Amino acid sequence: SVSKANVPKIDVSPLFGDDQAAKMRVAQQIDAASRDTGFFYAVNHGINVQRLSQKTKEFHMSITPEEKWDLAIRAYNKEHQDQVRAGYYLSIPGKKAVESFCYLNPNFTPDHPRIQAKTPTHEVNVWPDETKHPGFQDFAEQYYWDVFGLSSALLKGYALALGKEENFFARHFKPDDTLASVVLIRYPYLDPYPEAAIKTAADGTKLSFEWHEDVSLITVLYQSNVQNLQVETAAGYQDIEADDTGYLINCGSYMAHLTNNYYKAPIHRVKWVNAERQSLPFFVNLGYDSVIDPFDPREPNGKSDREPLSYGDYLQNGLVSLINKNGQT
C-alpha cells in the first residue's frame, strides 16, 4: 500500500486575533508543512462546514437536467458565450462522472468596472431559480465571504511564515476585486461505474483526476469524510487522510513562483472512489492587476531571478492549460 502523508492539523484561530506571538507560532507550523508535503489541515477555523455540506447536498440532489443546461458553461452550451468559468459543469453519463457548479466574486455585478470592460476571467455569476432552490444563492454568497475571511487569515499566516508583514498577500486579496472561485463538486456513486469515467495512473492507481499543481495562490478545501487525495513526495504518492471537519490547505503555483519554489505547489491527484461525495474547493486568487515581486527566502539578499507576473496573466494562462492537460471538468 501507499504510505500516509504527513498532513498536520494546525489550529489557525490565532490568525483571527491580536496575539502576535501566537500568530508567529502558527506561521511556523505553516512554514514546516509547506516545506514538507505541502498540505495541512486548518482546524478551529470558525466555519460551519456541516451546514455547507447540507446546503450543497440539497442543491446537487434537487437540480434537474433542465436547470443544468440553463446554467451551463460555454463548453456544454454554445448559447452561453460569456460563461467561461461560472456556471454548471455537466456530467456525461457513461463517460464523465463528476459534475460541478462554479461561482465567482458576488461583487462581479453588471456595473463592476471589470465586467463592463469584459476583462478576461471576470464574469457575473449565474444562479438557479429562487423558487426551485430557496435560500441557495444567499447561502452560497455568504459562504464565499466566510471562506474569504478564513483565507485572509491563512494568508496572514503564510506572510508571517515567509518573513513578511502579515498583510503582504492579504493587501492584494480584496472583496471588490478578488478572482477567487468556489466550486461545488459532486462525485457520484454509480452501479455499475463506467470504465470510461475512470482514469488509470502509470502506477496503476485508478483516478478521477490526474496529477496536477493547482492554479491558485493557495487552495482552501472542504471535502466529505472519504479518503481520496494523494500527494507526490520523494517517497512516491502518499495518501492524504480525510477529515471533514477541517479545511485542507495547499499552495498553488503562484505561491511557488513568488517564493522561488521555497513553498512548492504540491503535485497531487484524485483517486477514483465509488462513493457519493463532495469536494468544495475555494481557489484563493488575487486581483487582475495584482503583482507581487518574486523573492527567495532561502537567499541571503532575498532576490529571485523570476520575473514579476500579474495575477490576471497567471490565471488566464493557467486555467486553459489545466483543461488542456487534465480535460474539461
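We call the rigid core the largest set of C-alpha positions that still match within 1.5 Å between the two forms. In this text, residue numbers run from 1 along the sequence as written.
Say the other structures are aligned on the rigid core; which stretch then has the higher CA RMS in 9 other deposited structures of this protein, 228-236 or 136-144? Of 228-236 and 136-144, the stretch deviating more in 9 other deposited structures of this protein is 228-236.
Please work out which of 247-255 and 76-84 has the higher mean CA B-factor as recorded in the PDB entry. On average, C-alpha B-factors are higher across 76-84.
* Comparing 127-135 with 217-225, which has the greater mean CA B-factor as deposited? -> So the stretch with the higher mean C-alpha B-factor is 127-135.
From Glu67, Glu276, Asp293, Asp31, residue of greatest CA B-factor = Answer, based on the entry's C-alpha B-factors: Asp293.
Tell me which of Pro192, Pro188, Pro113, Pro106 tops the list for C-alpha B factor in the record. Comparing C-alpha B-factors across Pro192, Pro188, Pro113, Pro106, the top value belongs to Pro192.
Exercise for the section: Within this chain's modelled residues, let me know which third the CA B factor of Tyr237 belongs to: lowest, middle or highest. Expected result: For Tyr237, the deposited C-alpha B-factor lands in the highest third.
Checklist line | Ranked against its chain, the third holding the CA B-factor of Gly163 | finding: Tercile = middle for this residue's CA B-factor.
Among modelled residues of the same chain, the CA temperature factor third for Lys206:
For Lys206, whose C-alpha B-factor we compare with every modelled residue in the chain, the answer is the highest third.
ask   = Lowest, middle or highest third: where is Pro93 by Cα B-factor in its chain?
value = For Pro93, the deposited C-alpha B-factor lands in the highest third.
Next on the checklist: Please place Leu154 in the lowest, middle or highest third of its chain according to the CA B-factor in the PDB entry.
Outcome noted: Lowest third.
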